[PDB]
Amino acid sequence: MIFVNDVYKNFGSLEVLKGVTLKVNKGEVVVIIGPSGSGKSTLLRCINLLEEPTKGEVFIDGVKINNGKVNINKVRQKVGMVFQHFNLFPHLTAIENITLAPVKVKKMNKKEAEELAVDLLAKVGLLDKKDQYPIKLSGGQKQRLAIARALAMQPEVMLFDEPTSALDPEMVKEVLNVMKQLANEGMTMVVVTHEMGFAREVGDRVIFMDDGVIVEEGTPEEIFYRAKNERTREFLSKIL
């Protein structure tokens, strides 16, 4: 399903990924943590090719997607992404944000799209906001809407790039809960987060990254209670 194979990424002289490998299968919840600038988000963003590796390859469902020999749109249809800064469409209403892509990408019938959308709004607790514009929403509301929007394309895996890090503290739980609910429903997920509670509670697997490399990984209990590596223990001691 997801196979990132020995990738490197550089932005100019800045080396960000230095040979990283990640495999994730259906139903896993994989959580990536580590100090700032360690490359977490860049790895995440290689998976749906919002970043292009300098070397190495990324395969989805067994087909290489960074060889220029594939339709990248169909790929991104399967691989959803939730952004730290929401990236809601400001000129579109809540429902419209949700239904835009199904109607334009999948060619869904509009009544059907509207019904999908109301279901998703109802799920993330935003039904009474269906005709509001993003501006009128709180951070929590914005991220919940974005999540609904990504779910509307019914992807097989959801990527979350630090989805609560730009939220006020009173606003974090409500997004994390929605994330947890998705995990409890078997959604395959790769989450980059600074919220260790989420990793502990619903991660099936936790990846610790430092200086552009994966330095240790294992189950939540392994990383948070029995970490073998020194860098891991250090990071955790500063964070917890």
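Each residue number is its position in the shown sequence, starting from 1.
Asks: Out of 20-28 and 226-234, which stretch has the higher average CA B-factor listed in the record?
Replies: Stretch with the higher mean C-alpha B-factor: 226-234.
Asks: Mean C-alpha B-factor higher for 103-111, or for 79-87?
Replies: Looking at the record's C-alpha B-factors, the answer is 103-111.
Asks: So among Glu156, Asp119, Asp168, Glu162, who wins on Cα B-factor in the entry?
Replies: Across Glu156, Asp119, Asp168, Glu162, the entry lists the biggest C-alpha B-factor for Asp119.
Asks: What third of the chain, by the recorded C-alpha B-factor, contains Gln141?
Replies: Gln141: CA B-factor falls in the highest third of its chain.
Asks: Sorting the chain's modelled residues by C-alpha B-factor, tell me whether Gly212 ends up in the lowest, middle or highest third.
Replies: Its C-alpha B-factor belongs to the highest third of this chain's values.
Asks: Thinking about Cα B factors across the chain, which third does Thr193 belong to?
Replies: Lowest third of the chain for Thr193's C-alpha B-factor.
Asks: Test of reading the entry: by CA B factor among the chain's modelled residues, which third contains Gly186?
Replies: Bottom third by C-alpha B-factor.
Asks: Which third, lowest, middle or highest, does the CA B-factor of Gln132 fall in along this chain?
Replies: For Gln132, the deposited C-alpha B-factor lands in the middle third.
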